[PDB]
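There is one chain below, alone, in structure tokens, taken in the form deposited in one PDB entry.
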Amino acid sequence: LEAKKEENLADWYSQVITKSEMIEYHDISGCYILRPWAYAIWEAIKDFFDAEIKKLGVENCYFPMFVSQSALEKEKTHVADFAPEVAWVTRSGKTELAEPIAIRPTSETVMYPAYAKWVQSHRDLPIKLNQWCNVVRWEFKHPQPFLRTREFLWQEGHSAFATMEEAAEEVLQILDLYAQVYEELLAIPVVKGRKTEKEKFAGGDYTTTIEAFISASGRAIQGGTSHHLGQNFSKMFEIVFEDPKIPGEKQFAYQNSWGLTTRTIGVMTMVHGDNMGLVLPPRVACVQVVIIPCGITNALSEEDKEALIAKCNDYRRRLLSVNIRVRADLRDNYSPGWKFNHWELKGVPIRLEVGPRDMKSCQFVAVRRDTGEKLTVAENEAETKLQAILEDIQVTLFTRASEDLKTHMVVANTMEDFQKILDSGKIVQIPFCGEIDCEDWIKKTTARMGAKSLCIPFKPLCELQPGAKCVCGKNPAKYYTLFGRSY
């Protein structure tokens, strides 16, 4: 590893995603190859989240990638924001299509015409569908792997309900599942809140979100979104059902949509990665333990070399029995010192070393990836203390990252102390009037980069006392709003 996180963050980031064998670059700007090491993280996320939403009655499906032009322009506010970043197909080989078709940036306009066909009676609701797929948002801002790419993987869940109390319940339920993905899996603390009128999803009523903080850059980044579309889409796609009471009074469904992307993997790297490679939380770590034989010299006993090789295979059989994910690295054309840095750069939480002097003494060495501690453990307590170190790494990664979040999430009441603490690489919660105009004025003023609205926190730090005005002086403060430079 070359660069350092505190110095050049961008070059440290490009070095660790490639040398951990997560990312490979592509001759199309904004598109990055997910190599198996990275994809396994997305699979661990997918296995967790797929299991949790199917308890809620959501089923998996797959809708088409191509959107017709008529369907795209069905609702005018949704198509207004997404119009510039829609990639259009106009040709099949050398023959031009009669009408251009669009690659989905999101599937609201693809799925809901089918929702209208499937909802004939009251008994056809609720409809709860989810798909794992790729999406294209052609962003001409500078792309960055995982965090902001031209094409990314995600899940998008779309639900339709007869009542508003139903949709309101699911919006918060999905958001809590997104927080578990970041906190219980990726060991990343998040802030749950509500988007402002300026940053809310175009075509919905309100947008709940979770925000994460990247200390190395001082910038915040959105982790997940759970939108309440209300009736905005069902009115344009005619997802109707008869009212059980008044016959002939149409009722529009209440809808939600929610999405989680592979940016999770980038935020994992930017938060936990250090200057000696990736750091994987054990909950999503593809390989939790790697066993590496040590001390094998050219003149070593070939009979004992078989015995030392056998002892490494004895540890993996035991750790597999305790459902600890472990791979034994016995490749005979790589030095034991090369395997050290290889799995270090990859982020494996625990390295297990086996040497002749330790094998004969019924002992082995455990090397934690996060802190670098080396501990000699007897051969009997392998299934216990290694398991204990794994969740200790999980909690050490989380408490140290929450302590970073608590230090950099402070309160400010006027734009004097707001501009000061913002330029120190921290995010602040300021009294906000909620107007889309004052929101742009802050971002224009705080650049003299800028700071956007992140979320209106469900639980802010300080209780807004009556009489406190905004930072604009012309309007009262409606709520404390978390602000900061964002990705």
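Superpose the two forms; the largest set of C-alphas matching within 1.5 Å is the rigid core. All residue numbers refer to positions in the sequence shown, first residue = 1.
From this point on, the text means the form deposited in another entry, which you will not see here.
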Scan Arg357, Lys406, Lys117, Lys250 for the one whose CA shifts by 2 Å or more between this form and the one not shown after superposing the rigid core, and name it. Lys250
Superposing on the rigid core, does the Cα of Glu165 end up 2 Å or more away between this form and the one not shown? no
Per-residue C-alpha change between this form and the one not shown, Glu373, threshold 2 Å, rigid core fit: no
Residue shift check between this form and the one not shown, rigid core fit, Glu96 Cα at least 2 Å: yes
